[PDB]
Every structure is written in structure tokens, then in C-alpha cells.
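Before any questions on binding or motion, here is one chain by itself as C-alpha cells, the form deposited in one PDB entry.
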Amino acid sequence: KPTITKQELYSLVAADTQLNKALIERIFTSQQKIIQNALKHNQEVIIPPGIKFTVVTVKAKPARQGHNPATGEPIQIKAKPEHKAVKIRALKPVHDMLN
């Protein structure tokens, strides 16, 4: 099929490695806790197959007022305060996967 789902990936890894799928799932899944905990402390993380997680600051977006052009009625956008966001970047092994 065009898309390998996470569950399909766990079965493929299980077959390739001759390991129980539950163990494979546990392993790839244990990464989430490490990554989320690290990013909450502004600690970056590199995971296989070569992806870097960082935290970036998103600048605040002020509130705006406008109008529906067809009806004339006012519309509003609330201010969006500055906040942290997760960024991921492919490292060289992923960038070069097609070679």
C-alpha cells in the first residue's frame, strides 16, 4: 500500500528482527517520553533514523479587526501570545535516504 502505518511498521520490524511485535512497539514508543520530557526543559533530542527535535519561539500575533467585504459586518481575530513550538529537522541520513 502507498502508506506504511505505524502499526504496519511495527510488524515489519518484528519480522525483520525476529522479535515480538509488543516489544518492538514498546521500544519505538518509549522514545516519546524521552523526547517530550526533554523538550519541556528546552533540551534538544536527536533520534534515529536521524531527526533533530528543537524548541523555537513563535512571536506574538496581535489582535486584529476587519470586516466581511460582502456584508460589512465586523470580524475579529484574538491576539495569539508568543509561545514555544516544536521544530523537527531531517539530518543527513534521512536527507540522503534515496541514494
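So that the term is clear: the rigid core is the largest set of C-alpha atoms that superpose within 1.5 Å between two forms. Only residues modelled in both forms are compared. Residues carry their position along the shown sequence, with the first being 1.
Comparing 15-23 with 71-79, the higher mean C-alpha B-factor in the PDB entry belongs to 71-79.
Relative to one another, 33-41 and 46-54 have unequal mean CA B-factors, and 33-41 is the one with the higher figure. When the CA B factors of the chain's modelled residues are split into thirds, the value for residue 1 lands in the highest one.
Below: the form deposited in another entry, not depicted.
After superposition on the rigid core, displacement of the C-alpha of residue 60 between the shown form and the other one amounts to 2 Å or more. Relative to the superposed rigid core, the position of the CA of residue 76 differs between the shown form and the other one by 2 Å or more. Displacement of the C-alpha atoms by 2 Å or more across three or more consecutive residues between the shown form and the other one, following core superposition, is confined to the single run 59-84.
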